[PDB]
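Next up: a single chain in structure tokens, the form deposited in one PDB entry.
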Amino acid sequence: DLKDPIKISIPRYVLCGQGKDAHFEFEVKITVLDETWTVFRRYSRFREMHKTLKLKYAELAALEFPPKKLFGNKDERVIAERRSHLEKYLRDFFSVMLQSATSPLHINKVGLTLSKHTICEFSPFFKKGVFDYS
């Protein structure tokens, strides 16, 4: 309960945009303790998060971010595998950030408060934009 405070899943993906602005976005469902919310994020956004946070926190050097091949990303099977790898990435991301003692989210940091608020402050990837919902 308090030892597993952040849960995360990507139950589905959705095709957004029309023409060949058309791209997949992943439905990220996140629960921190009591609070649950959902954001839609394209692969680009996950990668930008990883890059940004990997230089701020060293414990994230051990994390391997899933690559994207140049061709073949219109195949739904590729996208489905991506959903899985991105969900595993997010789950490893939180494992590291909660268990690394050097981390601002270390479960045992004194006075650590954990909420949607502190998570959204920690990374704006998780901040709700226009299609996102609680």
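Only residues modelled in both forms are compared. The first residue of the sequence shown is number 1, and the count goes up from there. Whichever C-alpha set is largest while still superposing within 1.5 Å between the two forms counts as the rigid core.
Once the C-alpha B-factors are averaged per stretch, 87 to 95 and 102 to 110 rank with 102 to 110 first. Mean CA temperature factor is higher for 53 to 61 when stretches 39 to 47 and 53 to 61 are set side by side in the entry. Considering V14, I10, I119, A22 together, the PDB entry gives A22 the largest C-alpha B factor.
Beyond the structure shown, there is the form deposited in another entry, which is absent from this document and is the topic of what follows.
Core-superposed comparison between the shown form and the other one: among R77, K56, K68, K109, the single residue whose C-alpha moves by 2 Å or more is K109. Whereas the shown form places them at one spacing, the Cα atoms of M97 and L112 lie at least 3 Å farther apart in the other form. Whereas the shown form places them at one spacing, the Cα atoms of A62 and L112 lie at least 3 Å farther apart in the other form. Here is what shifts between the shown form and the other one when you lay the two on the core: runs of at least 3 residues, every Cα off by 2 Å or more, at 69 to 71, 101 to 104, 109 to 112.
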